[PDB]
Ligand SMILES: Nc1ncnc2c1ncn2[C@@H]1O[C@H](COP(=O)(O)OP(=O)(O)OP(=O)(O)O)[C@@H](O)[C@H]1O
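Only one chain is included here, represented as structure tokens and corresponding to the form solved without the named molecule.
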């Protein structure tokens, strides 16, 4: 019994079927593979096409999942898709009316076209099963919990009919108890509010991280006008007829000034985030207070995109409404993709389910075997030095104790947005300056942003207040108080309100990462590490060996630990040996606008990435000429001979484009199949 689950839209690698999708539910394209009830492979497409939260059809992810499972396309019994057919096709039809050039191709024909052209897989129509969106969410969240009965809450932006659904789960049967209509969306409310802080889709958890810096009293009475709590667990959101955003009109009327991009977060912005967070908490806890006592369940599974609000999950934990709470590592639409596979399986016979509670999210492609990793590190020799210690974990723990910031790359990549010890950046959690520097110099992000700790399961209750219900802390699902007597000790990982989005790692959840944290604890007295995701501000979490080395070289990390090899940057790295390649979305432009006296303005040159929200950067006339000759095989040194050799200016200009990931730079060849 082998079933594939899909989400996302249908565009190929270089083109978009339609420029703007105008919906929130096509993001985080992914593929999941279920065999005999167990989740054997799952990866988000963003890890493979390097476009954060991409909508593109998850073609590379399907291929990787099949390889990981040892399966061929013909072996797959069924494909589930995370939304019902008629809704998707109606949405496509509407987009085709506003893009009249696009051919009338609906989702069934598009899925099968992508699988046929991409994998040589002719999918029969009876094997493609479309699934109600919140049912797929609920299957994913509940079936991985280890629980045999539970209340299941789904909250996101929207499914086909509803923004929220409440289920009873028993054995493998779901029965709906409640739903909430689309204009009542709490995902929509939170995103509407996120736009007021100069952010967009995907930034909601940064807003969540900003909230503890704010006073929730300033805007409590304003947010009170946007929602009403009603009897029997009901609620209402008050719309307006002015704009497609619930929040901005009332806040404009009282003088709120939305943050411009690249500008600081004022106290008013912080206060705004704080009152937003409180508002969503009060509403969710209102829903759960009613449905806990009504349904009689002492256990909760919480899924949908809103279940990535770690603060909300911490409040749910502390509330006492449930004895046990479970959250899945990928609760946004990639998790609905996986749930679609279970629902498609349920429609073709009795449903096989997981035997145990999910403990590791390490489910994507690995980095490669020992021999191919060593050989590929040798190709990078002009840029790195490699040591091979006897006990890499023992050496890493000592480097951490000495104050070094480490890249850490092992095994199969994490499914869902959190790094958990397979694609991570770790450091000593004690000094507050580590938060300041790793924000400013390493991750290059805003100084308000918190950092999350990983602790050994044996020491967790020495440092963190887990009390209340039993929640699962293997995937950093819950924000949790740091014990007051440990907040000074844990200076880098204690947020301004005394909390921490904690990962509790065990020998069972992650044997190697647990050993690293335990050993660091023995050397220092403190078995806690800062754990942030291994990526710079221009990319999703690194996936391949070349991604890891590239990211190590374009971040300011002290040393990289990848599959027991210790990697450091050379004193002077030779960028000339790197082979430039366009990404499928890379574009090069020479542009003239109107100038004075209706002349043609002066030339400018620009590189950009062709997808909705893609960045762009100016390029010099000389680099523009160099980049025009990129053939995908010639090194950068040899390419630069034409423009008169690789100067320091060009190497430096090229390094900055590499760091923003406008093109791909890597030694000749590749690591080969894993």
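Residue numbers count along the first chain shown, from 1.
Here the stretch with the larger average CA B-factor, out of 268 to 276 and 569 to 577, is 569 to 577. Higher mean CA temperature factor, per the PDB entry, when comparing 116 to 124 with 75 to 83: 116 to 124.
Taking the PDB entry at face value, the top CA B factor among 209, 335, 103, 188 belongs to 103. The PDB entry gives the largest Cα B-factor of the residues 198, 369, 214, 296 to 369.
Per the deposited record, the Cα B-factor of residue 35 falls in the highest third when ranked against the other modelled residues of its chain. Placement of the Cα temperature factor of residue 238 within the chain: middle third of the modelled residues, per the deposited record. Ranked by C-alpha B-factor against the other modelled residues of its chain, residue 514 falls in the lowest third. For residue 232, the recorded CA B-factor ranks within the highest third of the chain. Only modelled residues enter the ranking. Annotation for residue 3: C-alpha temperature factor in the middle third relative to the rest of the modelled chain, per the entry.
If you look for the form deposited with the named molecule bound, you will not find it shown, but the lines that follow are about it.
The binding site of this unliganded chain is blocked: after the named molecule is superimposed from its pose in the deposited bound form, three or more of its atoms come within 2.4 Å of the backbone or C-beta atoms. Proximity to the named molecule in the deposited bound form, defined as a heavy atom within 4.5 Å, holds among 157, 314, 329, 450 only for 157. For the options 324, 204, 379, 271, the one in contact with the named molecule in the deposited bound form, meaning a heavy atom within 4.5 Å, is 204. Only one of 182 to 190, 595 to 603, 316 to 324, 512 to 520 lies within 4.5 Å of the named molecule in the deposited bound form by heavy atoms, and it is 182 to 190.
Under a 4.5 angstroms non-hydrogen atom cutoff, the named molecule in the deposited bound form has residue 83 among its neighbouring residues.
For residue 337, no non-hydrogen atom is located within 4.5 Å of the named molecule in the deposited bound form, even though that partner is not displayed. Proximity of residue 308 to the named molecule in the deposited bound form falls within the 4.5 Å heavy atom cutoff.
Taking the partner from the other structure, the named molecule in the deposited bound form has a heavy atom within 4.5 Å of a heavy atom of residue 208. Residues of 131 to 149 placing a heavy atom within 4.5 Å of the named molecule in the deposited bound form, in sequence order: 133, 137.
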